[PDB]
file upload_8.cif (mmCIF, C-alpha atoms (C1' of nucleotides))
data_query
#
loop_
_atom_site.group_PDB
_atom_site.id
_atom_site.type_symbol
_atom_site.label_atom_id
_atom_site.label_comp_id
_atom_site.auth_asym_id
_atom_site.auth_seq_id
_atom_site.Cartn_x
_atom_site.Cartn_y
_atom_site.Cartn_z
ATOM 1 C CA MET A 1 1.378 18.086 -0.937
ATOM 2 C CA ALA A 2 4.761 19.709 -1.457
ATOM 3 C CA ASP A 3 6.379 20.078 -4.873
ATOM 4 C CA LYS A 4 9.406 18.016 -3.888
ATOM 5 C CA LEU A 5 9.355 15.967 -0.682
ATOM 6 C CA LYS A 6 12.746 15.244 0.896
ATOM 7 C CA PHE A 7 13.807 11.587 0.991
ATOM 8 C CA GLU A 8 16.684 9.151 0.498
ATOM 9 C CA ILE A 9 16.846 5.566 -0.766
ATOM 10 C CA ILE A 10 18.311 3.395 1.981
ATOM 11 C CA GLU A 11 17.797 0.022 0.319
ATOM 12 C CA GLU A 12 15.968 -1.238 -2.752
ATOM 13 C CA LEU A 13 13.759 -4.222 -1.979
ATOM 14 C CA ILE A 14 11.514 -5.308 -4.846
ATOM 15 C CA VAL A 15 10.810 -4.016 -8.339
ATOM 16 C CA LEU A 16 7.703 -5.147 -10.183
ATOM 17 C CA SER A 17 7.222 -3.293 -13.494
ATOM 18 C CA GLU A 18 5.423 -0.407 -15.174
ATOM 19 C CA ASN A 19 1.740 -0.296 -16.091
ATOM 20 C CA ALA A 20 -0.314 1.156 -18.943
ATOM 21 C CA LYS A 21 0.144 4.522 -17.277
ATOM 22 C CA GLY A 22 3.849 3.838 -16.969
ATOM 23 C CA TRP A 23 3.419 3.532 -13.201
ATOM 24 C CA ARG A 24 6.688 2.019 -12.006
ATOM 25 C CA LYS A 25 5.528 -0.181 -9.148
ATOM 26 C CA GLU A 26 8.362 -0.691 -6.664
ATOM 27 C CA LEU A 27 8.981 -1.422 -3.010
ATOM 28 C CA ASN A 28 12.031 0.213 -1.458
ATOM 29 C CA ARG A 29 13.134 1.342 1.978
ATOM 30 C CA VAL A 30 13.626 5.100 2.099
ATOM 31 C CA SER A 31 14.095 7.679 4.832
ATOM 32 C CA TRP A 32 11.132 9.973 5.429
ATOM 33 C CA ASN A 33 12.571 13.453 4.863
ATOM 34 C CA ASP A 34 15.964 11.773 5.253
ATOM 35 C CA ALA A 35 15.167 11.005 8.890
ATOM 36 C CA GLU A 36 13.281 7.791 9.614
ATOM 37 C CA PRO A 37 14.175 4.876 7.296
ATOM 38 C CA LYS A 38 11.153 2.693 6.597
ATOM 39 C CA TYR A 39 9.691 0.480 3.862
ATOM 40 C CA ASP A 40 7.217 2.145 1.505
ATOM 41 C CA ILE A 41 5.602 0.712 -1.626
ATOM 42 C CA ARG A 42 4.613 3.150 -4.379
ATOM 43 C CA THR A 43 4.526 3.687 -8.116
ATOM 44 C CA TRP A 44 6.306 6.487 -9.975
ATOM 45 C CA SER A 45 6.231 7.989 -13.468
ATOM 46 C CA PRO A 46 7.689 5.874 -16.347
ATOM 47 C CA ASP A 47 10.368 8.494 -17.004
ATOM 48 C CA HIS A 48 10.989 8.725 -13.238
ATOM 49 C CA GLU A 49 10.205 12.441 -13.511
ATOM 50 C CA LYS A 50 7.666 12.414 -10.676
ATOM 51 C CA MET A 51 6.311 10.286 -7.869
ATOM 52 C CA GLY A 52 2.925 9.330 -6.424
ATOM 53 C CA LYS A 53 1.156 8.103 -3.288
ATOM 54 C CA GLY A 54 1.048 4.515 -2.048
ATOM 55 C CA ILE A 55 1.421 2.987 1.410
ATOM 56 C CA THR A 56 4.102 2.794 4.090
ATOM 57 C CA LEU A 57 4.919 -0.542 5.723
ATOM 58 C CA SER A 58 6.476 -0.538 9.186
ATOM 59 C CA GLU A 59 8.803 -3.250 10.535
ATOM 60 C CA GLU A 60 5.911 -4.700 12.539
ATOM 61 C CA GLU A 61 3.837 -4.952 9.375
ATOM 62 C CA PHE A 62 6.547 -6.099 6.975
ATOM 63 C CA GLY A 63 7.735 -8.688 9.487
ATOM 64 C CA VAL A 64 4.393 -10.418 10.046
ATOM 65 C CA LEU A 65 3.352 -9.755 6.451
ATOM 66 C CA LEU A 66 6.437 -11.377 4.934
ATOM 67 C CA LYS A 67 6.355 -14.252 7.423
ATOM 68 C CA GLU A 68 2.832 -15.180 6.414
ATOM 69 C CA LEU A 69 3.167 -14.279 2.704
ATOM 70 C CA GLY A 70 6.362 -16.283 2.355
ATOM 71 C CA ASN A 71 4.680 -19.224 4.028
ATOM 72 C CA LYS A 72 1.663 -18.796 1.733
ATOM 73 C CA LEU A 73 3.875 -19.635 -1.241
ATOM 74 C CA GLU A 74 5.054 -22.786 0.513
ATOM 75 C CA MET B 1 -15.259 9.913 -1.380
ATOM 76 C CA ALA B 2 -18.563 8.213 -0.661
ATOM 77 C CA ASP B 3 -20.073 7.625 2.773
ATOM 78 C CA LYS B 4 -20.179 3.864 2.263
ATOM 79 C CA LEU B 5 -18.372 2.281 -0.684
ATOM 80 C CA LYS B 6 -19.770 -1.022 -1.953
ATOM 81 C CA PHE B 7 -17.523 -4.066 -1.555
ATOM 82 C CA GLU B 8 -17.400 -7.733 -0.561
ATOM 83 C CA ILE B 9 -14.747 -9.830 1.161
ATOM 84 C CA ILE B 10 -13.798 -12.620 -1.229
ATOM 85 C CA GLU B 11 -10.890 -14.031 0.756
ATOM 86 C CA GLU B 12 -8.932 -12.892 3.800
ATOM 87 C CA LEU B 13 -5.189 -13.094 3.267
ATOM 88 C CA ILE B 14 -3.142 -11.585 6.084
ATOM 89 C CA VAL B 15 -3.977 -9.819 9.334
ATOM 90 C CA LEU B 16 -1.266 -7.818 11.084
ATOM 91 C CA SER B 17 -2.604 -5.930 14.136
ATOM 92 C CA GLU B 18 -3.868 -2.563 15.344
ATOM 93 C CA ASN B 19 -1.750 0.507 15.989
ATOM 94 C CA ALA B 20 -1.776 3.399 18.468
ATOM 95 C CA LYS B 21 -4.639 4.854 16.465
ATOM 96 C CA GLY B 22 -6.385 1.505 16.484
ATOM 97 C CA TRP B 23 -5.644 1.169 12.775
ATOM 98 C CA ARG B 24 -6.360 -2.477 12.002
ATOM 99 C CA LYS B 25 -3.746 -3.251 9.371
ATOM 100 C CA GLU B 26 -4.948 -6.093 7.145
ATOM 101 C CA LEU B 27 -4.555 -7.483 3.648
ATOM 102 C CA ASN B 28 -7.615 -9.114 2.131
ATOM 103 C CA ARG B 29 -8.985 -9.722 -1.343
ATOM 104 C CA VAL B 30 -12.256 -7.883 -1.857
ATOM 105 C CA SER B 31 -14.427 -7.098 -4.857
ATOM 106 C CA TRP B 32 -14.385 -3.460 -5.954
ATOM 107 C CA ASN B 33 -18.043 -2.417 -5.731
ATOM 108 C CA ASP B 34 -18.763 -6.152 -5.583
ATOM 109 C CA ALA B 35 -17.505 -6.490 -9.161
ATOM 110 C CA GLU B 36 -13.756 -6.987 -9.662
ATOM 111 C CA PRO B 37 -12.103 -9.174 -6.978
ATOM 112 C CA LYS B 38 -8.590 -7.941 -6.224
ATOM 113 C CA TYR B 39 -6.093 -7.792 -3.354
ATOM 114 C CA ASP B 40 -6.064 -4.536 -1.386
ATOM 115 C CA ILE B 41 -4.121 -3.705 1.780
ATOM 116 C CA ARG B 42 -5.606 -1.126 4.157
ATOM 117 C CA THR B 43 -6.200 -0.265 7.788
ATOM 118 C CA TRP B 44 -9.596 0.222 9.418
ATOM 119 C CA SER B 45 -10.935 1.618 12.691
ATOM 120 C CA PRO B 46 -10.246 -0.380 15.905
ATOM 121 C CA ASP B 47 -13.966 -0.969 16.447
ATOM 122 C CA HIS B 48 -14.331 -1.739 12.717
ATOM 123 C CA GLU B 49 -16.756 1.186 12.490
ATOM 124 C CA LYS B 50 -15.077 2.795 9.480
ATOM 125 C CA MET B 51 -12.440 2.228 6.841
ATOM 126 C CA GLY B 52 -9.589 4.192 5.271
ATOM 127 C CA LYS B 53 -7.357 4.461 2.209
ATOM 128 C CA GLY B 54 -4.402 2.251 1.385
ATOM 129 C CA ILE B 55 -3.204 0.618 -1.822
ATOM 130 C CA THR B 56 -4.513 -1.986 -4.248
ATOM 131 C CA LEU B 57 -2.289 -4.840 -5.407
ATOM 132 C CA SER B 58 -3.031 -6.482 -8.748
ATOM 133 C CA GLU B 59 -2.232 -10.102 -9.656
ATOM 134 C CA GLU B 60 0.804 -8.924 -11.623
ATOM 135 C CA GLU B 61 2.088 -7.059 -8.567
ATOM 136 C CA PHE B 62 1.192 -9.568 -5.870
ATOM 137 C CA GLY B 63 2.629 -12.347 -8.021
ATOM 138 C CA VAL B 64 6.093 -10.857 -8.498
ATOM 139 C CA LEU B 65 5.963 -9.246 -5.063
ATOM 140 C CA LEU B 66 5.239 -12.512 -3.236
ATOM 141 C CA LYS B 67 7.765 -14.493 -5.275
ATOM 142 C CA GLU B 68 10.582 -12.083 -4.467
ATOM 143 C CA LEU B 69 9.516 -11.285 -0.889
ATOM 144 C CA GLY B 70 9.064 -14.952 -0.049
ATOM 145 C CA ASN B 71 12.514 -15.696 -1.436
ATOM 146 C CA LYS B 72 13.943 -12.754 0.507
ATOM 147 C CA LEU B 73 13.173 -14.552 3.760
ATOM 148 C CA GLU B 74 14.854 -17.716 2.491
ATOM 149 C "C1'" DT C 1 -3.541 7.613 -17.617
ATOM 150 C "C1'" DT C 2 -2.072 9.782 -8.501
ATOM 151 C "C1'" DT C 3 2.212 13.915 -8.925
ATOM 152 C "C1'" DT C 4 5.132 10.631 -2.767
ATOM 153 C "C1'" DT C 5 4.233 11.195 3.660
ATOM 154 C "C1'" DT C 6 10.469 13.082 9.390
ATOM 155 C "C1'" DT C 7 4.873 6.453 12.611
ATOM 156 C "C1'" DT C 8 -4.892 10.035 15.689
ATOM 157 C "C1'" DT C 9 -7.036 8.740 6.728
ATOM 158 C "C1'" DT C 10 -13.006 7.822 7.126
ATOM 159 C "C1'" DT C 11 -11.842 2.787 1.628
ATOM 160 C "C1'" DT C 12 -11.393 3.017 -4.905
ATOM 161 C "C1'" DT C 13 -16.356 -1.572 -10.363
ATOM 162 C "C1'" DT C 14 -7.495 -1.543 -12.971
#

call {"tool": "encode", "arguments": {"input": "upload_8.cif", "output": "structure tokens"}}
result
Amino acid sequence: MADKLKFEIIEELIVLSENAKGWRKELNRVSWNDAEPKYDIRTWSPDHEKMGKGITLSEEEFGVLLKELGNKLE
Amino acid sequence: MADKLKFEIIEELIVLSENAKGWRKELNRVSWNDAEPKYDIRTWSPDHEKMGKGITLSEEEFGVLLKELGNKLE
DNA sequence: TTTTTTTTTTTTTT
């Protein structure tokens, strides 16, 4: 929506890689407008010049999600 | 975009819960237009009457993502 | 080869 949305990287979680479009797929915990810190997984430009839209994962989600996912690899 | 997008549930992976909006947060592998089967995490209506937008996770992503995330809870 | 959102969306043949 806005040209530059306010944010801040609280903690880097997982980094996957770039795609054919250069989409840097990563999962990091950032603060929404430098207020609420939460986990959000998105992909950005290869040159890190811009960002895109993905999905936000709350503690409730990440908790149950990781619990099951981690156990799925068992 | 469309009123009803074509799809098919190949395999259910993880089910989180509903939210204050009734958003049923789940992660299941479905076939895009009943063609390409891929993992996609989204939230639907409480009464499962409609669906919404989320994010699609490819094998490359889910693979590295799971590996790291699973190890993160170790 | 999307141009990111301070928690009641109406889903897309990579």

call {"tool": "residues_near_point", "arguments": {"input": "upload_8.cif", "point": "(-8.0, 7.7, 4.6)", "cutoff": "9 Å", "atoms": "only C-alpha atoms (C1' of nucleotides)", "output": "PyMOL selection string"}}
result
(chain B and resi 43+51-54) or (chain C and resi 9-11)

call {"tool": "resolve_selection", "arguments": {"input": "upload_8.cif", "expression": "the PyMOL selection byres ((chain C and resi 13) around 9)", "output": "list in words"}}
result
residues 31, 32, 33, 34, 35 and 36 of chain B; 12 of chain C

call {"tool": "closest_atom_pairs", "arguments": {"input": "upload_8.cif", "of": "chain A", "to": "chain C", "cutoff": "12 Å", "atoms": "all atoms listed in the file", "output": "tab-separated table"}}
result
residue	atom	partner	partner_atom	distance
A:1	CA	C:4	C1'	8.5
A:2	CA	C:4	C1'	9.2
A:3	CA	C:3	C1'	8.5
A:4	CA	C:4	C1'	8.6
A:5	CA	C:4	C1'	7.1
A:6	CA	C:6	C1'	9.1
A:7	CA	C:6	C1'	9.2
A:8	CA	C:6	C1'	11.5
A:19	CA	C:1	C1'	9.6
A:20	CA	C:1	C1'	7.3
A:21	CA	C:1	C1'	4.8
A:22	CA	C:1	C1'	8.3
A:23	CA	C:1	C1'	9.2
A:30	CA	C:4	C1'	11.2
A:31	CA	C:6	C1'	7.9
A:32	CA	C:6	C1'	5.1
A:33	CA	C:6	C1'	5.0
A:34	CA	C:6	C1'	7.0
A:35	CA	C:6	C1'	5.2
A:36	CA	C:6	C1'	6.0
A:37	CA	C:6	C1'	9.2
A:38	CA	C:7	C1'	9.5
A:39	CA	C:7	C1'	11.6
A:40	CA	C:4	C1'	9.7
A:41	CA	C:4	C1'	10.0
A:42	CA	C:4	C1'	7.7
A:43	CA	C:4	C1'	8.8
A:44	CA	C:4	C1'	8.4
A:45	CA	C:3	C1'	8.5
A:46	CA	C:1	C1'	11.4
A:48	CA	C:3	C1'	11.1
A:49	CA	C:3	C1'	9.3
A:50	CA	C:3	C1'	5.9
A:51	CA	C:4	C1'	5.2
A:52	CA	C:4	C1'	4.5
A:53	CA	C:4	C1'	4.7
A:54	CA	C:4	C1'	7.4
A:55	CA	C:5	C1'	9.0
A:56	CA	C:5	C1'	8.4
A:57	CA	C:7	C1'	9.8
A:58	CA	C:7	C1'	7.9
A:59	CA	C:7	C1'	10.7
A:60	CA	C:7	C1'	11.2
A:61	CA	C:7	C1'	11.9

call {"tool": "residues_around", "arguments": {"input": "upload_8.cif", "residues": "residue A:70", "least_positions_apart": "6", "cutoff": "7 Å", "atoms": "all atoms listed in the file", "output": "VMD selection string"}}
result
chain B and resid 66 69 to 70

call {"tool": "write_last_selection", "arguments": {"input": "upload_8.cif", "atoms": "C-alpha atoms", "output": "CSV table (one decimal), in the coordinates of the input"}}
result
chain,number,residue,atom,x,y,z
B,66,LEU,CA,5.2,-12.5,-3.2
B,69,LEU,CA,9.5,-11.3,-0.9
B,70,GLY,CA,9.1,-15.0,0.0

call {"tool": "atom_distance", "arguments": {"input": "upload_8.cif", "atom1": "atom CA of residue B:16", "atom2": "atom CA of residue A:65"}}
result
6.8 Å

call {"tool": "closest_residue", "arguments": {"input": "upload_8.cif", "among": "B:73, B:10, B:47, B:29", "to": "chain A", "atoms": "all atoms listed in the file"}}
result
B:73

call {"tool": "resolve_selection", "arguments": {"input": "upload_8.cif", "expression": "the PyMOL selection byres ((chain B and resi 13) around 6)", "output": "list in words"}}
result
residues 12, 14, 27 and 28 of chain B
